[PDB]
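an experimental structure, sequence included, is below.
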Amino acid sequence: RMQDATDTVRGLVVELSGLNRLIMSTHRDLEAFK
Amino acid sequence: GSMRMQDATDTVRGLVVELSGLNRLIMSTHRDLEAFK
Amino acid sequence: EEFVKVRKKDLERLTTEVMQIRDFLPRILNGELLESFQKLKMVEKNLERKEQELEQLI
Amino acid sequence: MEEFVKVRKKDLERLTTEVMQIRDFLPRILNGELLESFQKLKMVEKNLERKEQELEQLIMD
């Protein structure tokens, strides 16, 4: 039986989604300063 | 069975390359700031 | 909600790279970047102020 | 052969989307401008220190 790695991938999406929030908020902070 | 799954391995391989390069940028930038501060 | 297949080792590589971003990105992207930009504008204005102050005194 | 695992197609598409957004925006923060700002801050701090020490050593009142 082929293993189902869907839940692993869903966890990576949650992780990268949070990292993208941090990137966007940091970028907008530096954008607003200058 | 008669129906088979699409192989998305090459897509994943491209993502690995993308993220590997982003990690190179993170590590180099972090070390630059580390070396100065 | 169909499935695709991926070589197990390649998905393992992807997980490793994602976890490295998790590990180190917050050690750069934090409040210290904006703080550095703000402090620089503050000290620059204080320098120019004290430069003119010393000029009017000597 | 090397073993396969299976993943719901739509969840892999989401992962791709998130990876590409990092690609798009991370280099617009991580570049030489961060280090340059820290280097510039340390330089002006020393020049302000040396300008305050000149005012402190001056007898003017």
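Looks like it arrived, so ask away. Numbering: from 1, shown residues only, chains lettered A, B, ... in the order given.

what ranges does the chain have for its strands?
No chain was given, so I picked chain A. A:3-4 (DSSP state E).

hmm, no, I was thinking of chain C.
Under DSSP E, chain C gives strands at C:3-7.

quick check: the residue of chain C nearest chain A.
In chain C, the residue that lies nearest chain A is residue C:29 (4.6 Å; C-beta to the nearest C-beta). Where C-beta positions appear, they are placed from N, C-alpha and C, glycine not excepted.

not counting sequence-adjacent ones, nearest residue to that residue?
With sequence-adjacent residues excluded and distances taken as C-beta to C-beta, 6 or more residues apart in numbering or on different chains, residue C:29 is closest to residue A:26, at 4.6 Å.

who touches the residue of chain C closest to chain A in this structure?
By C-beta atoms under 8 Å, 6 or more residues apart in numbering or on different chains, residue C:29 lies in contact with A:22, A:23, A:26, D:29.

of those residues, closest to chain B?
Checking the contacts of residue C:29 against chain B with C-beta to the nearest C-beta, the nearest one is residue D:29 at 9.0 Å.

can you list phi and psi of the closest one for me?
Phi and psi for residue D:29, reported as degrees, to the nearest 10, are phi -110, psi -50.

how far away is the spatially closest residue to residue A:34 that is not a sequence neighbour from residue A:11?
Using C-beta to C-beta, 6+ apart and skipping residues adjacent in sequence, the residue nearest residue A:34 is residue C:37, 7.2 Å away. Going from residue C:37 to residue A:11 by C-beta to C-beta, to the nearest Å gives 34 Å.
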